[PDB]
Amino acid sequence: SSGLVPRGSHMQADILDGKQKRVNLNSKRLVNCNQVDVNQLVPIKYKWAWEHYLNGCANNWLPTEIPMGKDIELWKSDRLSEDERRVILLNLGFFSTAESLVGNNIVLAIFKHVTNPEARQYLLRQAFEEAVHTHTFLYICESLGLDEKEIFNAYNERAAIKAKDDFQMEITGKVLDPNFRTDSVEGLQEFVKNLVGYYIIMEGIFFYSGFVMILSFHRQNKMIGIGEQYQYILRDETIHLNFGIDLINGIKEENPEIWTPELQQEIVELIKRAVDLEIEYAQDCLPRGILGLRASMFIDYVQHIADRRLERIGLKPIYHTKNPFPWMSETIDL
């Protein structure tokens, strides 16, 4: 399309004042943007957000496409230990509802206050991916003949799962309040803490420990169907986390006055609390070791990724621990 503009190829305006509402690119903002029309996608300002959207759209998969026959045979055999089963069941219990918590938070809390069409475009992709992930866990329950009411209620029945999710509810903050606003320093700091709570802590910390447990099974040729689905989930979660980081940093950069010593320290403490709860959860999963996994490795690993998340939002590492699972940064071609 480098050819001449043909005559008659523009549409005539019959509202002479309408032109003024065309969106100026440099007037667009991540939050508190009421000066321009939020319904028009164009012109795109946040290329990073649009890129995340395009990348996510290229990652389409469904749980129902992954064969579970071998997982079914292994699950029904005596070849899995009781301790191996416990790891699997606790993870399916935590994940089955965690995805709904992330998904509902995108819609009910985040979307409204991210006043930018290209970022909202990503958010709708992300929320849909959370639906696919919830579907995954129903598909696993039904494939393996598990009691799905038992699995989905896990966060009310297992203390270490509940403590993680109650912590999540607390960091959700006042954002769900219908009268909550981001057009003050306090409001915007509150909103960023929600973003840290969901992108950095829930998706960036609480999930990864489960990923290691399940992908370890996969590495050992056990439950490769569940493992393959978690691989697709991890591919999604990586983008989710990167968008969150970009959103947080962009908001900081556009509103530098919210990023105070006090807020920074508050964020570190929430992350510290999250690390402890994740370690406690890992201890509940592994009271005894399974092949290549024990609770003590998760002390180092959870602290390690916590450091990586901290750096990405401009805060200093605080644990300085080794990563006992370097294979988690392997490229998987799906």
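Rigid core (definition): largest C-alpha set, two forms, superposition within 1.5 Å. Numbers for residues come from their place in the sequence shown, where the first is 1.
Where the structures in 4 other deposited structures of this protein are fitted on the rigid core, 290-298 is the one of 277-285 and 290-298 whose C-alphas sit farther from the shown form on average. Greater C-alpha displacement in 4 other deposited structures of this protein (rigid core superposition, RMS over structures and residues), of 134-142 versus 165-173: 165-173.
The mean Cα B-factor in the deposited entry runs higher for 75-83 than for the other of 75-83 and 235-243. A summary of the deposited B-factors shows that, of 179-187 and 125-133, the stretch with the larger mean C-alpha value is 179-187.
For the set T115, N104, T260, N91, the maximum C-alpha B-factor listed in the entry falls on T260. Per the deposited record, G292 carries the highest C-alpha B-factor of all listed residues (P63, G292, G56, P43). Remark: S100 belongs to the lowest third of its chain, ranked by C-alpha B-factor as recorded. Per-chain ranking of the deposited C-alpha B factor places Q303 in the lowest third. Sorting the modelled residues of the chain by their CA temperature factor places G225 in the middle third. Sort the chain's modelled residues by C-alpha temperature factor and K149 lands in the highest third, per the entry. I200 sits in the lowest third of its chain by CA B factor, as recorded in the PDB entry.
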